[PDB]
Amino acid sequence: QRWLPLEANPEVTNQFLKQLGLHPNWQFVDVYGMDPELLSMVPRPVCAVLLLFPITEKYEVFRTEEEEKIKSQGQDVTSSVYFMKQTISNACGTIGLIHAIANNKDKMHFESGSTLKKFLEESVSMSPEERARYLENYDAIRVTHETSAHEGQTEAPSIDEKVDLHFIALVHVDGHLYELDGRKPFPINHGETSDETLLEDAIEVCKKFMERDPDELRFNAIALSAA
């Protein structure tokens, strides 16, 4: 099962959230820079950051040693983190949004018949592997992702094209910063944070992705911001 890759674009993701039945008191906005002057321009509060980044060889090198350290050391993941695995190619755009909404659902307001509300209702007690299979089988989100994949200022690529870019979500749960990447076996704990400094703490994790890959410019960050 192979989906089309979503454009990193607030007008795409905001319309996608509206089709999933989310009320628009939160809206994605672009993040233009990482220095505090630019960040102090993103409306507050911010409850999630989605980061598009390139899957390079240098990435997957840091990636494999990050995993093995956590397997030995055994990090801090509260059971109240909502985490789901990625088992559909090119589904990372939807999984990122779900990770963003699901870990903030009390701040979220849903509308009549909201398909995301129903999915979170049914998946609240599933395992991360069970949630991956549930997404595979959930027609309403698959259909909505597909029409949303055709939106944007660029044309959708062909479904067979290799994609070397990936979405992840950064959120605050129980006083810690979690990176949620469905390609990994668990959430990644990045240290302490709060609702009031999530944006700056999230962007510091973004900074590390970029400094590990210094010749790459293919990055995009959008912030889920009160509207």
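For every residue, the number given is its place in the sequence shown, counted from 1.
When the two stretches 69-77 and 121-129 are set side by side, the higher mean Cα temperature factor goes to 69-77. As recorded in the PDB entry, 57-65 is the stretch of 57-65 and 157-165 with the greater mean C-alpha temperature factor. Highest CA B-factor among the listed residues (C92, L116, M108, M84): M108.
Per-chain ranking of the deposited C-alpha B factor places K207 in the middle third. The PDB entry assigns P214 a C-alpha temperature factor belonging to the highest third of its chain's modelled residues. Per the deposited record, the Cα B-factor of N25 falls in the highest third when ranked against the other modelled residues of its chain. When the modelled residues of the chain are ordered by their C-alpha B factor, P36 lands in the highest third.
Per the PDB record, residue ranking by Cα B-factor puts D181 in the lowest third of the chain.
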